[PDB]
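Enquirer: A single structure is presented below for examination.
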Amino acid sequence: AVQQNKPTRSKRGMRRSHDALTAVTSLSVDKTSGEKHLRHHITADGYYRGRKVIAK
Amino acid sequence: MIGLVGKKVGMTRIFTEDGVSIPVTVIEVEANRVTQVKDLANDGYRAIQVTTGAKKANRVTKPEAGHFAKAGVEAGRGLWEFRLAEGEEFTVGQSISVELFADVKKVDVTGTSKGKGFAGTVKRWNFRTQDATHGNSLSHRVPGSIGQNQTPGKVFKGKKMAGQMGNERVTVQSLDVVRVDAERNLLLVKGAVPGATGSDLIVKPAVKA
Amino acid sequence: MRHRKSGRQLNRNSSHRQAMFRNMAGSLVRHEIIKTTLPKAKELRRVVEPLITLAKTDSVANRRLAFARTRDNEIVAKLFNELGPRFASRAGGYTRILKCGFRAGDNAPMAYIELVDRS
Amino acid sequence: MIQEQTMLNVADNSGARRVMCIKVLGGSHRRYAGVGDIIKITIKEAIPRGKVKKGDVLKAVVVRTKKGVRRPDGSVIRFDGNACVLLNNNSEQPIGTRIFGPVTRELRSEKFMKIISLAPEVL
Amino acid sequence: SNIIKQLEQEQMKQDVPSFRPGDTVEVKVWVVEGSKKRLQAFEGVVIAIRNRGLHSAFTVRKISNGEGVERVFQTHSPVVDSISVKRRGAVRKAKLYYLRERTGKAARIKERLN
RNA sequence: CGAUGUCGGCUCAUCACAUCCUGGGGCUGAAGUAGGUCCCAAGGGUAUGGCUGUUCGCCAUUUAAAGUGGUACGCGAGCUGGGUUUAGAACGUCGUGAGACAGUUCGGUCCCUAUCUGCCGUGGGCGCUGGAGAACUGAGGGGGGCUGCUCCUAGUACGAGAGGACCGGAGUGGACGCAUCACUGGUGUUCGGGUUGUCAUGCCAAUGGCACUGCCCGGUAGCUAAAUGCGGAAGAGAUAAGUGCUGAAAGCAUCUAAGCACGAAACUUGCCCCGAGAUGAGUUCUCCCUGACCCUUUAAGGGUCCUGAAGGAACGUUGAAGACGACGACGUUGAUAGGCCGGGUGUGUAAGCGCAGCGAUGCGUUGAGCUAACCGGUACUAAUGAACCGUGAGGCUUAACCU
RNA sequence: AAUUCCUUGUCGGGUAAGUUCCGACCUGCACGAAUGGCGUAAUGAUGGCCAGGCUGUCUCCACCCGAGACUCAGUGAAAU
RNA sequence: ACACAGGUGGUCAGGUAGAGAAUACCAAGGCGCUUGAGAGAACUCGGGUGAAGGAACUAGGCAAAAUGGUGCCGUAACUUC
RNA sequence: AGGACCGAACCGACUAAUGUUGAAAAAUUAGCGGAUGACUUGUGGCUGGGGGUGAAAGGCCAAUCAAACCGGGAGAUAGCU
Ligand SMILES: [Mg+2]
Ligand SMILES: [Mg+2]
Ligand SMILES: [Mg+2]
Ligand SMILES: [Mg+2]
Ligand SMILES: [Mg+2]
Ligand SMILES: [Mg+2]
Ligand SMILES: [Mg+2]
Ligand SMILES: [Mg+2]
Ligand SMILES: [Mg+2]
Ligand SMILES: [Mg+2]
Ligand SMILES: [Mg+2]
Ligand SMILES: [Mg+2]
Ligand SMILES: [Mg+2]
Ligand SMILES: [Mg+2]
Ligand SMILES: [Mg+2]
Ligand SMILES: [Mg+2]
Ligand SMILES: [Mg+2]
Ligand SMILES: [Mg+2]
Ligand SMILES: [Mg+2]
Ligand SMILES: [Mg+2]
Ligand SMILES: [Mg+2]
Ligand SMILES: [Mg+2]
Ligand SMILES: [Mg+2]
Ligand SMILES: [Mg+2]
Ligand SMILES: [Mg+2]
Ligand SMILES: [Mg+2]
Ligand SMILES: [Mg+2]
Ligand SMILES: [Mg+2]
Ligand SMILES: [Mg+2]
Ligand SMILES: [Mg+2]
Ligand SMILES: [Mg+2]
Ligand SMILES: [Mg+2]
Ligand SMILES: [Mg+2]
Ligand SMILES: [Mg+2]
Ligand SMILES: [Mg+2]
Ligand SMILES: [Mg+2]
Ligand SMILES: [Mg+2]
Ligand SMILES: [Mg+2]
Ligand SMILES: [Mg+2]
Ligand SMILES: [Mg+2]
Ligand SMILES: [Mg+2]
Ligand SMILES: [Mg+2]
Ligand SMILES: [Mg+2]
Ligand SMILES: [Mg+2]
Ligand SMILES: [Mg+2]
Ligand SMILES: [Mg+2]
Ligand SMILES: [Mg+2]
Ligand SMILES: [Mg+2]
Ligand SMILES: [Mg+2]
């Protein structure tokens, strides 16, 4: 239930060798907006695949 | 013993004229034609490889497309290997029909079974639960004991505990062939086939009996 | 296991899940667009579209069924008056979902679910 | 589907009204006995005067069960109670002379021809 | 499905009469023993019907020799030679499972008009 | 004694044979069935209840058998606490007495979120020498190896009779393990109805909310056993006890010193699964990449422009897949999910109207209405034009080989 | 027998089985008359036994409804 | 010791159902209890149902299951009546 | 009329489960007993440690009781780790 010998910083690093974060592979650019948006998502303005979908 | 491959349509029943309800399994079998024939010299073992259907038209990679083009056949699903018996050989152009199983009595089928996920010991290994009353606390479906005290102080290999059951390859042998439909490309067995509807199974002549 | 099942629990009981979806549909019909988490909106497109295809035909029985399902006379009236004829020429697919980032409060996938004829 | 401590009725004119199945014969670890199976039973209540008395221990043949027996076509014949016919523990033959109620045809072997003949109705 | 609901229909019997739960039904069943085969009759009230094409069946209960007997006849089974209706009953439900509780003049059913 | 939880019970097993059954054989005071003993053999299996805290034991019923032991008299970081073995009280005894009695009697806190090793699953990185998509060969490992009852051989052999075969087949069976819902049902608080109290929709009707899904009746898909299919080798090799052939030592004799041959659920295969991290890193089929310069530390060296192919990765709909990972099928040149059409299946003649009845209610519309997860379709909605990783001919020596 | 070591003393009842229970036999190691002897209707969250109903307590578990456990985002201990 | 499922004396005491300050739904009135969003693995906690048997489980009917209200009929041994 | 009966507040804790670095240094849920009296409760006061009180458990005397807490002898003593 509890440890008998204190582990190393090496063990901690090897355990944390897998929880590294990752970034987006490649951001997409809207056809007629010229801005970068996450793929299959809409832009911060309201554009998605050309035609705007959220006009304020 | 040149087995073939097919798709499980499901199961139903057959009413015989003498009053017997035989539970049969409907297995869709197409013409498993060929992709490659490995001979005694090039690969050592003597076997054939078969594919059925097309599966698509734009999802076959360049290697698979070239492999099919060398043989001269169309595209198809995953390839299936069958070790061929001595005395028989087949041409690349020639296909394999369901007529081969006309003069057989029983067969054996193989397929991937249904996956139950990470199941407990009561289901995966059929253990016995403890008493749910009389004082028991938080120990009802647990396996309880796995080893001994200080000798050997460890759990032996192959211990029956919680794990992932199903989704593995299972073979059911000695199923009676009650119907072989040539024009409809269909085969019927006595049932109890592994998998689900629309899955992929491999049937072959029975080796057990 | 969950072989060939349907219906997302969403960490709620049946009464809670139905009472929330009722208000969700009642707001979606009256605003033609709402914003909510994608898993919670994927059931809205299954609970609202049958209501629209029921309201496509005007009848006393259908209207009372819609009232029993939504518990809002104004919502039922607006449904039957507007969304019926508007979608009468369309065979399904009366809703569209568009994912818009993640909420800052819980880091949850969120999307706008709207009608196909909002504009 | 009969096991230990199961209360059953008697389907012959032997004098026993209520019996209890106490053992299932036919192999080791056998759990349930179907129609036409031999089970050891003991008497729990009997007619004041008859062929048998209370507290006896003897064998019997299962003739009816609420679970029933499946036909080779999927048909199952289900009754409204569990009943048995007493037999001698050595000769394996019926003790009573009459048979009460309908019976199935599962017990249609050489060992139960007398029961088949004496049964008012065979299903 | 195009194979299931084409094999399960080639051997169906297109002669099953229309019947409803609560209607007294007589069923003719082939009983074979020895070298010949006779046709036994089973008359009773139908209490449940489960129809799925070739997998159709119906449960018939009768009070025979004081003890109730319930059979489950398969609708398309070759043994089930013929089905006949002798009476019709007016019952609200379609599964008659309360009849197992009443005996005598309480498990009986009314008559359905027309 | 700066703390190793002790009786017994439940779950879970492992090993040994001084073997309970099955299997093989010898001697029998072995006529046959059926017995006694010994030898070889651990592959498999090896009961349910009453008594008492059980171990042990008695009894009742079965089985072919209900084996003996080691593993802290296995297993309380898997569980209880019925006994012993705290604190209360009594009984009988002991002692003037406080109090004691493996003597009895009623009751009497069993705590821990897994650090490492141990085991079951499932992933990330890299290797395998250009980069890929597949099929596998199989070094090796793991899973099963139980057996009862009748029929023919037969009332034959044997036996005066009573009784009753070995060898070899067939059928039916029980306990297991695997796989499924074609049937039987269970569940199926996401499907249809019955009904009570209360509140609300301005009111009847019709509804919705709560009261365990309020209480209930059935029931689709899925999962399930109590349901149905399969298997316990057939055989081959070398063998244990043990039968022998040919045989001298030892002119005989002897199964052995040479040789030959039979011989078990024991061993390897034969049945199934995993399986090239098998670093000894393997085979076959199909593919893709065939531009130039510069630099010093002249070498498996580095840098620049172009090139970015096969393929992979990522994202979205999702799944008979699944804890997360991981594994299917699709992304407009499409049925992957949702919706819709029709059908199937469940529940039960929906509301609204008219009639009959003073009324509660029934009738016709109407086997109607609704119908979750089911089945055939249908781009109506959501699956993006892109962009990102992956290279540009793949080291040295030697060997046969064409120049 | 709240009392008996021999003891699971013997007999009869209860179940197929009853070291528990009931009524007797009296061999009272070591009952016994106000540290009271024997009964006693009612009473008891008092001990034991038996019977009828009842059910997943069990043969033998199976499904379902929620909260944890699993993933993501924020905060963030412990015994040792 | 806490923005702690603990404790703290009195006063006012609505409608229907209901014998009742029991209990269900509501009025005046007050709250959603200071982490949520996903998926629906094993196992834990609170529960629902279940084919056949019905205490055979257990040290022990522990737990669970079961009865349960009004009016009437009718109710044994014993007994201090 | 009952140191009466069933049953609410109120008082108490007989069983089971959860909880055991818990919501809580004894609690929660489902059951439970008394509930017109030897009852319960609020306020104020008295009983002061070899003593108090105790329907009697070596029980309570401020989460500590076979001799309460604080300060002194007192760095008591310790052949003991
Ligand atoms: Mg990590
Ligand atoms: Mg528990
Ligand atoms: Mg506890
Ligand atoms: Mg341990
Ligand atoms: Mg689906
Ligand atoms: Mg949550
Ligand atoms: Mg320690
Ligand atoms: Mg120590
Ligand atoms: Mg030996
Ligand atoms: Mg032997
Ligand atoms: Mg010997
Ligand atoms: Mg004491
Ligand atoms: Mg105790
Ligand atoms: Mg306790
Ligand atoms: Mg360690
Ligand atoms: Mg056997
Ligand atoms: Mg089903
Ligand atoms: Mg059913
Ligand atoms: Mg409903
Ligand atoms: Mg109102
Ligand atoms: Mg030898
Ligand atoms: Mg072997
Ligand atoms: Mg229909
Ligand atoms: Mg009507
Ligand atoms: Mg439909
Ligand atoms: Mg006595
Ligand atoms: Mg006294
Ligand atoms: Mg009292
Ligand atoms: Mg987190
Ligand atoms: Mg708070
Ligand atoms: Mg508070
Ligand atoms: Mg009030
Ligand atoms: Mg209240
Ligand atoms: Mg309320
Ligand atoms: Mg239900
Ligand atoms: Mg049950
Ligand atoms: Mg009282
Ligand atoms: Mg009271
Ligand atoms: Mg009060
Ligand atoms: Mg109370
Ligand atoms: Mg309480
Ligand atoms: Mg004192
Ligand atoms: Mg104190
Ligand atoms: Mg103090
Ligand atoms: Mg001092
Ligand atoms: Mg001094
Ligand atoms: Mg000192
Ligand atoms: Mg001193
Ligand atoms: Mg001194």
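No Cβ is skipped: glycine too gets one built from the backbone with ideal geometry, and neighbour counts run over all protein chains shown. Only the coordinates and a few stated rules stand behind these numbers; no lab work does.
Enquirer: Pick from D:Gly101, D:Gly36, D:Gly96, D:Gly68: which is away from ligand 1 (no atom under 16 Å from the Cβ), small (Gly, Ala, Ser) and at negative phi?
Expert: D:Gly96
Enquirer: Residue pairs, Cβ under 6 Å, 6 or more apart or interchain, first in region D:94-123 and away from every other protein chain (no Cβ under 13 Å) and outside any helix (DSSP H, G or I), second of a type in the set (S, T, N, Q) and surrounded by 14 or more Cβ atoms within 10 Å (Cβ to Cβ). List them.
Expert: D:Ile95/D:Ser14; D:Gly96/D:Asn13; D:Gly96/D:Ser14; D:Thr97/D:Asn13
Enquirer: Among the listed residues C:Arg63, C:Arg86, C:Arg90, which satisfies the condition of being within 30 Å of A:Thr43 (Cα to Cα), more than 14 Å from chain A (Cβ to nearest Cβ) and assigned to a helix (DSSP H, G or I)?
Expert: So the residue among C:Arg63, C:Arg86, C:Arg90 that is within 30 Å of A:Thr43 (Cα to Cα), more than 14 Å from chain A (Cβ to nearest Cβ) and assigned to a helix (DSSP H, G or I) is C:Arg86.
Enquirer: Under 7 Å between Cβ atoms, which residue pairs at least 6 apart in sequence (or on different chains) link something in region C:1-15 that is away from chain B (no Cβ under 14 Å) and more than 7 Å from RNA strand H (Cβ to nearest atom) with a partner that is basic (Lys, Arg) and part of a loop (DSSP other than H, G, I, E, B)?
Expert: none
Enquirer: For region C:23-44, check the following and say yes or no: at least one residue is free of Cβ contacts under 8 Å to residues at least 24 places away in the same chain and hydroxyl-bearing (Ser, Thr, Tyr).
Expert: Looking through region C:23-44, at least one residue is free of Cβ contacts under 8 Å to residues at least 24 places away in the same chain and hydroxyl-bearing (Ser, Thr, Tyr).
Enquirer: Taking the condition of being surrounded by 11 or more Cβ atoms within 10 Å (Cβ to Cβ), more than 13 Å from chain C (Cβ to nearest Cβ) and touching a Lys or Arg at 6+ places or on another chain (Cβ under 9 Å), how many residues in region A:31-56 meet it?
Expert: The qualifying residues number 2.
Enquirer: Then there is this: For region B:141-183, what are the residues that are charged (D, E, K, R), closer than 29 Å to B:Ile14 by Cβ and under 22 Å from the mean Cα position of the chain (by Cα)?
Expert: Selection gives B:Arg169, B:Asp176, B:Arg179, B:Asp181.
Enquirer: In region D:50-67, is there at least one residue being away from every other protein chain (no Cβ under 14 Å), more than 18 Å from D:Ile115 (Cα to Cα), crowded, with 18+ Cβ neighbours inside 10 Å and not charged (D, E, K, R)?
Expert: yes
Enquirer: Of all residues in region C:99-108, which are within 13 Å of another protein chain (Cβ to nearest Cβ), over 18 Å from the mean Cα position of the chain (by Cα) and not small (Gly, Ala, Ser)?
Expert: Scanning region C:99-108 gives C:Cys100, C:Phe102.
Enquirer: So, one more: Could you list, in sequence order, all residues of region C:70-79 that are within 15 Å of the chain's Cα centre (by Cα) and in a helix (DSSP H, G or I)?
Expert: C:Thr70, C:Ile75, C:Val76, C:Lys78, C:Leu79 - these are the residues of region C:70-79 that are within 15 Å of the chain's Cα centre (by Cα) and in a helix (DSSP H, G or I).
Enquirer: Here are the criteria: (1) within 16 Å of RNA strand G (Cβ to nearest atom); (2) not in a loop (DSSP other than H, G, I, E, B). Tell me which single one A:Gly13 does not satisfy.
Expert: (1)
Enquirer: Continuing with the same structure: Could you grab the pairs with beta carbons closer than 9 Å, sequence gap of 6+ or different chains, first residue in region C:70-84 and in contact (Cβ under 8 Å) with a residue 12 or more places away in the chain, second one crowded, with 18+ Cβ neighbours inside 10 Å and among the hydroxyl-bearing types (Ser, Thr, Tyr)?
Expert: Filtered contacts from region C:70-84: C:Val76/C:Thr70; C:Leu79/C:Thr70; C:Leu83/C:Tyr94.
Enquirer: One residue is enough: does region B:108-120 have a residue meeting the conditions touching a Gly at 6+ places or on another chain (Cβ under 6 Å) and more than 30 Å from B:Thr52 (Cα to Cα)?
Expert: Checked against the condition, which is being touching a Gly at 6+ places or on another chain (Cβ under 6 Å) and more than 30 Å from B:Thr52 (Cα to Cα), region B:108-120 yields no hits at all.
Enquirer: OK, next. Give all pairs with beta carbons closer than 8 Å in which a residue from region A:1-29 that is at negative phi and within 14 Å of chain C (Cβ to nearest Cβ) meets a residue that is of a type in the set (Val, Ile, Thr) and within 16 Å of ligand 5 (Cβ to nearest atom); count only pairs at least 6 apart in sequence or on separate chains.
Expert: From residues that are at negative phi and within 14 Å of chain C (Cβ to nearest Cβ), there are no pairs.
Enquirer: Pairs needed: first member in region D:1-26, closer than 21 Å to D:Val69 by Cβ and away from RNA strand F (no atom under 14 Å from the Cβ); second member anywhere, outside any strand (DSSP E or B) and of a type in the set (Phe, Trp, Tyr); C-beta distance under 7 Å; at least 6 residues apart or different chains.
Expert: Taking only residues 6 or more apart or on different chains, the pairs are D:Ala11/D:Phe100; D:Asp12/D:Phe100.
Enquirer: What number of residues within region D:12-28 satisfy the criterion of being out of contact with any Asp or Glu (no Cβ under 9 Å at 6 or more places or on another chain) and either within 8 Å of RNA strand G (Cβ to nearest atom) or part of a strand (DSSP E or B) (or both)?
Expert: Result for region D:12-28: 1.
Enquirer: Could you list, in sequence order, all residues of region B:99-142 that are within 16 Å of ligand 2 (Cβ to nearest atom), among the charged types (D, E, K, R) and surrounded by 10 or more Cβ atoms within 10 Å (Cβ to Cβ)?
Expert: B:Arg141
Enquirer: Taking the residues in region C:93-109 that are in a strand (DSSP E or B) and in contact with a helix residue (DSSP H, G or I) (Cβ under 8 Å, 6 or more places away or on another chain) as candidates, determine which candidate is nearest to C:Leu54 (Cα to Cα).
Expert: C:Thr95
Enquirer: Considering only region E:54-114, give the strands (runs of 3 or more DSSP E) lying wholly within it that have at least 1 residues that are without any contact (Cβ under 8 Å) to a residue 24 or more places away in the chain and more than 30 Å from E:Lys5 (Cα to Cα).
Expert: Fully inside region E:54-114 and qualifying: E:57-64, E:67-74.
Enquirer: Hey, does region E:51-65 have a residue that's within 13 Å of E:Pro21 (Cα to Cα), basic (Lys, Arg) and within 11 Å of another protein chain (Cβ to nearest Cβ)?
Expert: Checked against the condition, which is being within 13 Å of E:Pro21 (Cα to Cα), basic (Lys, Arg) and within 11 Å of another protein chain (Cβ to nearest Cβ), region E:51-65 yields at least one hit.
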